[PDB]
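Take a look at the structure below.
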Amino acid sequence: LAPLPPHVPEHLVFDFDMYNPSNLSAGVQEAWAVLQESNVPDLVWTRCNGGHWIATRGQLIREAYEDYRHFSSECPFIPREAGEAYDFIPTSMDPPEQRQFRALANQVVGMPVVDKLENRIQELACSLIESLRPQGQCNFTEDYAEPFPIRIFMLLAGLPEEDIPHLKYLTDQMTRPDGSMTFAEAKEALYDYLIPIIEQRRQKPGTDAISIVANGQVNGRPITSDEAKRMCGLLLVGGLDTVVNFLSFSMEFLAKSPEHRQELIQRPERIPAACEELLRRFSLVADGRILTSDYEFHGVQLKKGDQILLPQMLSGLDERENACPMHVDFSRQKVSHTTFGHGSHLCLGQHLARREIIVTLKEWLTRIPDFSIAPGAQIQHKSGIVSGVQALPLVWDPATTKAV
Ligand code: HEM
Ligand SMILES: CC1(C)[C@@H]2CC[C@@]1(C)C(=O)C2
Ligand SMILES: [K+]
């Protein structure tokens, strides 16, 4: 708890801690939605994590993500020193300047590249699921959620699988620090890892993601080694944490909900619609922006330099955006969310994520149609810049499964 700044009023203080929320034991999204109770203002100030604003409603979150003249991406993380050290590209930049770099990032993770990776993403998911199928049980986080997305990103990036444990450790410190590393120390470690590779790939350009970034042009002039490093690093973080945690949330839910399992087994063409409704319900990111000047937003005076968390998770959980928001409805008519962000920084890896998510649902449900949480397990969630699931022990009877 940091001492309250002169310009912030007493009645908007809502001491929420985003790395360790109060009702976390009930589920991390539920823990965040305490911010949407009837008794909580649209925009509150928490004194936790150095102090910062928290917009709690989707109307405010979208407007702040659209207004980059006031809410800048230059310091997008909380606590302030992580936000200051944060210099990844394209995310730490605002438009107009941001735009050249994003186009280049889009060339290595976009839709055309999801199309090239189609065969491998399918192969690997079938493969891992087939391997687990006869055991009748798995540790989902470790046995699928991590290895499926991660090995596809290491593949794209042309990096050896033996590097996963180091890299995933650093990525987790940047999003759910355990205390052992500052955001800045984690980031430097990641750049240290990428420096030589970028240089090798500048000499002998290849087909992999690092080569493509590193030998790229940003609106016609050559990227520097420095800028390639700051783009590559973002890419690794993006490919090593969000899909991984997202898959666990979705599989935890299906494990507790036989009727939803039955719906996709009966009607698999509903899987894309169900993925979007799961991305709404089990949204997991929350980063934010910094004020470029004094500004009055929805009746609250914001001070130049003030940080504001704009939880991308909160927009589709808001009852004002979706009726009965904690309810999963695959037939939901207008699935509204900001799970993949909003404004000029819209997730560039969202096509790759949706493909991994849909392939996982289809291929898991095809081979292991029936499965549940292990008896006696209480699933724990974790909060931070990206929220996630600590471990997910699943069981099933092999006699009900099929090799495909
Ligand atoms: C469920 C999975 C994912 C979710 C929920 C998600 C969400 C987001 C969000 C909320 C942002 C914007 C943050 C901000 O405005 O500060 C973002 C940006 C971005 N994401 Fe994702 N993401 C996911 C997967 C991925 C993947 C798999 C990649 C591939 C490496 C990726 C790469 C990026 C990049 C490069 C940006 C930066 C866009 C810019 O700053 O212009 N993401 N993502
Ligand atoms: C908030 C994010 C998901 C988005 C991509 C990776 C991430 C952690 C950032 O650093 C940008
Ligand atoms: K910064």
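Heavy atoms only: backbone and side chains are in, while hydrogens, waters and symmetry mates are out. We count residues from 1, following the sequence as given.
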Any idea which heavy atoms bring [X] and [Y] closest together, and the distance?
{"X": "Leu156", "Y": "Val108", "answer": "CD2-O, 3.6 Å"}
{"X": "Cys232", "Y": "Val213", "answer": "SG-CG1, 3.7 Å"}
{"X": "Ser315", "Y": "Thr338", "answer": "OG-OG1, 2.6 Å"}
{"X": "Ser225", "Y": "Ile198", "answer": "O-CG2, 4.3 Å"}
{"X": "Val328", "Y": "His260", "answer": "O-NE2, 3.1 Å"}
{"X": "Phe246", "Y": "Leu284", "answer": "N-CD1, 3.6 Å"}

May I ask you to check whether over 12 heavy atoms, not counting those of [X], lie within 6.0 Å of atom [atom1]?
{"X": "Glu142", "atom1": "CD", "result": "no"}
{"X": "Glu130", "atom1": "CD", "result": "yes"}
{"X": "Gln380", "atom1": "CD", "result": "no"}
{"X": "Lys303", "atom1": "NZ", "result": "no"}
{"X": "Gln200", "atom1": "CD", "result": "yes"}
{"X": "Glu296", "atom1": "CD", "result": "yes"}

When you compare the side chains of [X] and [Y], does any donor N or O come within less than 3.5 Å of an acceptor on the partner?
{"X": "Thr56", "Y": "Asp42", "value": "no"}
{"X": "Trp396", "Y": "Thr401", "value": "no"}
{"X": "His342", "Y": "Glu66", "value": "yes"}
{"X": "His327", "Y": "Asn322", "value": "no"}

To the nearest 0.5 Å, tell me how far [X] [atom1] sits from [Y] [atom2].
{"X": "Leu254", "Y": "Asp370", "atom1": "CG", "atom2": "CG", "result": "11.5 Å"}
{"X": "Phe297", "Y": "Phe71", "atom1": "CZ", "atom2": "CZ", "result": "4.5 Å"}
{"X": "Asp94", "Y": "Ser72", "atom1": "CG", "atom2": "OG", "result": "3.5 Å"}

Would you please classify the geometry between the [Y] ring and the [X] ring as parallel, tilted or perpendicular, with 30° and 60° separating the classes?
{"X": "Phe183", "Y": "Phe88", "answer": "perpendicular"}
{"X": "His337", "Y": "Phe340", "answer": "perpendicular"}
{"X": "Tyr193", "Y": "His166", "answer": "tilted"}

Can you tell which of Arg280, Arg57, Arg62 makes a salt bridge (charged side-chain N to carboxylate O under 4.0 Å, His left out) with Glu321? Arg62
Any donor-acceptor pair under 3.5 Å linking the side chain of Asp192 with the backbone of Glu188? no
Evaluate the criterion side-chain hydrogen bond (donor to acceptor under 3.5 Å, both in side chains) for residue pair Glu363 and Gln122; output intermediate values, then yes/no. CA-CA 8 Å; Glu363 312 295 345; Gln122 178 69 10; 2.7 Å; yes
Sequence-distant partners of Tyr191, side-chain hydrogen bond (donor to acceptor under 3.5 Å, both in side chains), two or more places apart: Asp87
If the condition is side-chain hydrogen bond (donor to acceptor under 3.5 Å, both in side chains), which residues does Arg201 pass it with, not counting sequence neighbours? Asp208
If the condition is ring-ring contact (aromatic ring centres under 6.0 Å, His included), which residues does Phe371 pass it with, not counting sequence neighbours? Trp364
